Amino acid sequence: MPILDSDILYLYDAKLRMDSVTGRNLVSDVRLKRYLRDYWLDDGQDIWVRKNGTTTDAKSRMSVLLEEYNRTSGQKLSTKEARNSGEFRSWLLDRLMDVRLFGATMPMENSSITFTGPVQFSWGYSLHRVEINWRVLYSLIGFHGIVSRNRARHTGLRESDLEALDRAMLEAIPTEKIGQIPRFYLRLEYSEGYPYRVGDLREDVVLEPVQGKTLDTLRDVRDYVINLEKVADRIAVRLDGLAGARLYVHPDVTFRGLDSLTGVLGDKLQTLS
């Protein structure tokens, strides 16, 4: 199966002179990808962006990889020749799944290889204002991600890599004082050649506090209902291009409009759990 363009909506929560401080919590895409990489590393996989918890010099790691490729392939590529070698580039990609997904900048002595990752994430932000008491009390974080069909052609992305990404979105964060729990994961795949996208759904999510709570005092997953009604509406408009969907929801979340979402997706929906 060819790689299709995708949109991702991902929610997870994190728990446990000025005072009375509040604001919008932010999580870099680099941090999210670090959770995913550490998870695959702990699964024994070969990963490019890895530590020893001391980081490794990238130029040294590339020199080792090039010398290994040269002695196995019977070549003597220089770093400049290695940069231009489609064979060495494909050999690196076959070996490092995180490069196939997220790309990499791989310096060498007086050269460098650059892979632009098909899978890209926004910065994550809290869908509500969080309280600071210097640590955040509670934060429901939302991420938008994409999978680029065109970029996947240049990194050798495999269909099995995307299934591994889906499973890591469920398992990596809990595996890697602050408890962090995935709560919602939706990946929408688009038909080949379809030009439009749902895009970023995070602003269409609506949090509805339970009685006694407000949007400024959310402290636990039980304090609010996640209303998906507008998310279902936004997806329905693009139904003419939707090829498939993957969806996971945590059992402790209370949803409104989850039935609307699954009904829109229909037979395109595959579940994850």
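Sequential numbering from 1, following the sequence displayed.
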| item | value |
| --- | --- |
| Between neighbours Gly53 and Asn52, residues that the deposited sequence lists but the model omits | 1 to 3 |
| Gap size between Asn110 and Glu109, counted in deposited residues that the entry leaves unmodelled | none |
| Higher-scoring stretch by recorded Cα B factor average, 57-65 or 43-51 | 43-51 |
| Mean C-alpha temperature factor, higher of 34-42 and 212-220 | 212-220 |
| Top residue by Cα temperature factor, when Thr155, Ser85, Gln120, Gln180 are compared in the entry | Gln180 |
| Selection from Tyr190, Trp91, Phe184, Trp134 [criterion: highest C-alpha temperature factor in the record] | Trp134 |
| Position of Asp200 among the chain's modelled residues by C-alpha B-factor, lowest, middle or highest third | lowest |
| Third of the chain, ranked by Cα B-factor, where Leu269 sits | highest |
| B-factor third for the C-alpha atom of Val27 within its chain | middle |
| Chain thirds of CA B-factor: placement of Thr72 | middle |
| Ranked against its chain, the third holding the CA B-factor of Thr175 | highest |
